[PDB]
Each structure stands twice: as structure tokens, then as C-alpha cells.
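Student: Below is the structure I would like to discuss, written out as C-alpha cells.
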Amino acid sequence: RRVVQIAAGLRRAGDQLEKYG
Amino acid sequence: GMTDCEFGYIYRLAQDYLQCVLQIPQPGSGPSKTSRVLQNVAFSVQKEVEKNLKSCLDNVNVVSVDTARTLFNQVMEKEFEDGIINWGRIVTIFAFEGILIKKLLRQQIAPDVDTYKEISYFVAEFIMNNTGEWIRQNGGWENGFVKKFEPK
């Protein structure tokens with residue numbers, strides 16, 4: 001579970017940065 | 001340029017970012033324009049992720065370079081399993097290696113000064129093998145990444 005949680009957090013941050021950066 | 005998607009260039013970016021996080025500036029010409037732009041953006045992401053995932057990251061102990069590598073590869077696999085690559089996600093790869101090196105600094109059982117060079121290595125391996133073609137098709141670091149993230 002921790003692997004999935006970390007990965008999802010990174011994916012979310014990257015997709016947000018992609019649109020707002 | 002087009003060769004900036006090859007291993008050596010990516011390794012240098014990954015190493016530069018870890019040296020930034022560890023506060024060990026290396027003397028000489030100084031980091032590239034790419035690295036200078038990347039360090040600011042990746043660090044901003046790193047601090048956000050460290051805050052958003054603090055409860056979870058405290059439940060993982062990064063006690064060796066081998067655990068760091070397995071965890072990095074496990075996380076990268078799940079992060080990218082939807083087949084989507086974009087520059088924002090590439091930034092998060094550097095942010096995550098910065099998280100790992102800070103945990104290693106505190107938790108590594110037998111610390112070694114060359115550890116950040118091993119971390120940088122497996123980070124570059126993932127970036128090159130799994131995103132390198134996308135990077136090249138999108139202008140590389142100089143004509144893609146820097147153009148997106150440099151100041152206006």
C-alpha cells in the first residue's frame with residue numbers, strides 16, 4: 001500500500017505541475 | 001540538444017539535484033542552465049510532497065541503497081503505469097530522489113559518501129529507459145524542459 005500511496009501522490013503532483021507550470 | 005537524452009547527461013542532472021539537496025555544491029564551471037532551472041522546480045515539488053505524504057513517508061525506512069533502489073523502482077512503476085509521460089511527472093522523479101537521499105542521510109545503516117552517486121545512477125537508468133524517447137520527441141532538456149519551466 002505505501003508504494004501505491006507514494007506513487008499516486010507523485011503522479012498527482014506531476015500532473016498538477018504540468019498544467020500549472 | 002538531441003544528445004541530452006543519453007545517460008551521461010541525465011546522470012549529471014540527477015547527481016546535481018542530489019548535491020543540491022545535500023548542500024554540497026561542487027566547485028568548477030557550475031551547474032548547467034538545465035540543472036539550475038530543474039533544481040528550483042524539483043525542490044518546490046519535493047517540499048510539497050514531503051508535506052502531503054508525511055504520515056506515509058514516516059512509515060518507510062530507507063536503510064540501504066538497495067532498499068532505496070527497490071522502493072524507487074516500485075514507486076516509479078506505479079507512478080507511470082498509465083503510460084502517461086509529461087514534464088511535470090519527470091520533475092517528480094527528481095523530487096523523489098531528493099526525498100530518498102534525505103531519508104538515507106538519517107537512516108542508512110552503513111553510510112557511504114558515494115551513496116548519492118549510486119542513487120543518481122538508478123534514477124538516470126529509469127529516466128533514460130522509460131522516458132528518454134518521450135524526452136527527445138519533446139525537445140530534450142534544452143528545447144523542451146527548460147523552455148517550459150524557465151522564467152518568463
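Ligands are numbered from 1 in the order shown, chains are lettered A, B, ... in the order of the C-alpha cells, and residues start at 1 in each chain.
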At a cut-off of 6 Å, list the chain B residues touching chain A, using only C-alpha atoms, as a ChimeraX atom specification.

Tutor: /B:75,78-79,88-89,92

Student: Using only C-alpha atoms, which residues sit within 12 Å of residue 121 of chain B once same-chain residues fewer than 4 positions away are excluded, as a PyMOL selection string?

Tutor: chain B and resi 7-16+18+65+68-69+72+97+114-117+125-128

Student: Between B:41, B:73, B:34, B:141, which one has atoms that come closest to residue 91 of chain B, using only C-alpha atoms?

Tutor: B:41

Student: How many Å separate atom CA of residue 57 of chain B from atom CA of residue 104 of chain B?

Tutor: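 That distance, rounded to one decimal, is 12.3 Å.
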
Student: Hey, which of B:23, B:143, B:66, B:152 ends up closest to residue 102 of chain B? Count only C-alpha atoms.

Tutor: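 Smallest distance to residue 102 of chain B is found for B:23.
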
Student: Write down as an MDAnalysis selection string the residues of chain B whose backbone DSSP state falls under alpha helix (DSSP H).

Tutor: chainID B and resid 7:21 33:52 54:57 65:79 87:107 115:137 140 146:149

Student: For residue 137 of chain B, find every residue with an atom within 12 Å (counting only C-alpha atoms), except residues of its own chain fewer than 6 positions away, and show them as a list in words.

Tutor: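 Result of the neighbour search: residues 1, 2, 3, 4, 5, 85, 86, 131, 143, 144 and 145 of chain B.
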
Student: State, in Å with one decimal place, the distance from atom CA of residue 37 of chain B to atom CA of residue 150 of chain B.

Tutor: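 We find that atom CA of residue 37 of chain B and atom CA of residue 150 of chain B lie 6.0 Å from each other.
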
Student: Find the spatial neighbours of residue 108 of chain B, counting only C-alpha atoms, within a cut-off of 7 Å - ignore same-chain residues fewer than 5 positions away - and output them as a ChimeraX atom specification.

Tutor: /B:62-64
